[PDB]
Structures are given as C-alpha cells and as structure tokens.
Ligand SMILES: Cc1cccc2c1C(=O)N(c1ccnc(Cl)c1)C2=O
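Taking the form deposited without the ligand, here's one chain by itself in structure tokens.
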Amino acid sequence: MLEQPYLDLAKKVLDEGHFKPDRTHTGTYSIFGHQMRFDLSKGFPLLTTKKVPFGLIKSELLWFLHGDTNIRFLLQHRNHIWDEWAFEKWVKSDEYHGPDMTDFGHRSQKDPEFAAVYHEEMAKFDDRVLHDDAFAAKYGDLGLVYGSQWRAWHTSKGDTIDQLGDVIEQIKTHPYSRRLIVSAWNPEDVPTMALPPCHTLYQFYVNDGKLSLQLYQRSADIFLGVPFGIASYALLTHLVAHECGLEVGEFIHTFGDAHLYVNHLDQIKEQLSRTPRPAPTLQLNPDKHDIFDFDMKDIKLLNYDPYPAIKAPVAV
C-alpha cells in the first residue's frame, strides 16, 4: 500500500529507536539515516491511517511558491501553522503592552489561566495582521522562511536569486542535469535563526519523461511532521511536473535525525493498528500551467477516505 514506508519507518523508530535527549526537553526515540520512496504514479501519499489536513498543506505550499513570507496570506486562508513565530516576535517587541506571555507555548500545556489569555492575545495579533497593513509589514513578516529561501536567496551582492524559478527552467532546457537542486540552508543565517530549515534541501531528477524529487530532512518528528512533509513535497513534484509537461515519478524522503517524541508512543501504536485504504488521487487544473500562478481552486484531491484524526500534544 502506498503509505507503507511511513508505517515501516514508524514501527522501526519504536524497535531500533535509541533514546536521545533534545531541545524541547522531552525524550525522543531516534534513528539516523533513513530513506523511503513513494511511486507517485500509484496515487497521492496523503495518509489514510489518520486524517491529514490537505487544505493546510495546500495553502502553505502556495505561500512558499509565491516567494511570500508574510503570515497574512496564510491567515486569509484560515491557515495558522506559522502563527507562533510571528506572535513571538510581536511579544518580544516594545509595542507588546499585554499580559505575561514569555513561554506562552510551553506554559499553555499546564495553563494556570493561560489558555484563553494566550488564545485571545493571539486572536488579536492575527486580526491586526489581517487588517492593519503596517502591522502586517512589521510583525507579520517572518523574513527568512522557505518562500524567501527558495525564491529570493540573498546574495553577498545585495541581489536576490529565484532558485526554484531557475531550477524549473533548467528542467525544461536540461532535464538530464544533476544540478537541479534548491537549497534552504544558509551557513550565514542558521547561527541566528529561530528554526533552521528541517527540509534542508531537495533534488530533482528527470528520466524516461518522468519527474522525481528527493528531499533531505535533517530532522523530523515522525508523528506530527512527516505526514505533512510527504504530502507537501509530493504535491510539489506534481506541480513542477505539470508545469514541465512531464509525468510524475517517485518522491524520495531521506532523513537525518528521524525521531518520535516519548509523548507520542501510544498514539502512534493506535495508528499502527489500522489498515491503509487505497490512496487518494490528485487533480490539477488542466488549463493552468505556471504553478507560480496556481490558486487553491486549481488543486483537487479525489477519493480521500481516512481513519479519524489522532490528537497528540506538541512537545515543548
């Protein structure tokens, strides 16, 4: 079944997984060096053993494709994944004249009252980002995020490079190249970044009229992270392919530190007791071609019949 590699990877971290400490002082079962492949011709690798929000995955990838880094786009799309990061910048700022917020996330877990307070301050921050144009420009712009790494790499000459744009043209004029690489890792920025790119780098490959993509993920949260990651990059492999008039090949997910937080063990076992149903089908608008111009309505997901969602706490 299409999503087997994932379950396999999951089962493995449990079995061969060696305990290992980490930043968000929780424990993890980790493995180092893994690689799994998904033959995109057999279907879309969005998990059926647990409900994954394709809407979220879809709007995030577009945000990246637009070379956008401001949270406003996502919010307009009911997407709040990157919310914490902008909120945090806001709170550490001179203007934040509100309640105690330092460590809002980790605190909310065992909230002394926090729950509503945090959740409301956040509602406020967002609401302003959506309307106060100047506020959005200030606290709503994350800066160095995938959108800017992929499409506006800052060069030593104060210029900007559209890695993705260039690779796409390359694919068209030189499909057999081995230099079709887009990179999110900048040695200059990581020493002072909030969260250095987990999706460190990806390579494209063309053969027999099919497009393939390999991702190198330096670090991954098997439970919460991987499900989206596989969905996100498989989508990209289709999008880029659609634009180049190529057939879709394989999506390959390679790992550095693949781990499962100690507070996710029961949940994952639950999942491992499920039987994958047939994988869904992706449908891209035939009329449109420049993916940089793709809109949500141009991406349909057909036949996604999943098992109920699984709730598990974010380890912090």
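When you see a residue number, it is the position in the sequence shown, counting from 1.
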>> I need to verify one thing: averaged over C-alpha atoms only, is the B-factor higher for 276-284 or for 32-40?
In response: 276-284
> Comparing 264-272 with 57-65, which stretch shows the greater average C-alpha B-factor in the deposited entry?
Replying inline: 264-272
> Which of these has the highest Cα B-factor in the record: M1, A315, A309, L7?
Replying inline: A315
> Which of these, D305, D22, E16, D295, has its C-alpha atom at the highest B-factor, as the entry lists it?
Replying inline: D22
>> Could you place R107 in the lowest, middle or highest third of its chain by Cα temperature factor, using the values in the record?
In response: highest
> Should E250 be placed in the lowest, middle or highest third of its chain by the C-alpha B factor in the entry?
Replying inline: lowest
> Where does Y96 sit by CA temperature factor within its chain: lowest, middle or highest third?
Replying inline: highest
>> Looking at the temperature factor on the CA atom of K89, which third of the chain's modelled residues does it land in?
In response: highest
> In terms of the chain's CA B-factor thirds, is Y205 lowest, middle or highest?
Replying inline: middle
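If you look for the form solved in complex with the ligand, you will not find it shown, but the lines that follow are about it.
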> Though the ligand is not shown, can you say which of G225, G143, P99, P175 has a heavy atom within 4.5 Å of it in the bound PDB entry?
Replying inline: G225
> So which of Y205, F114, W82, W153 reaches within 4.5 angstroms of the ligand in the bound PDB entry, heavy atom to heavy atom?
Replying inline: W82
>> So in the bound PDB entry, is the ligand close enough to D68 to count as touching (4.5 Å, heavy atoms)?
In response: no
>> Is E250 near the ligand? Define near as a heavy atom within 4.5 Å, in the bound PDB entry.
In response: no
> Any idea which of 241-249, 160-168, 123-131, 217-225 reaches within 4.5 Å of the ligand in the bound PDB entry, heavy atoms considered?
Replying inline: 217-225
>> Where, within 38-60, is there a heavy atom within 4.5 Å of the ligand in the bound PDB entry? Residue list please.
In response: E60
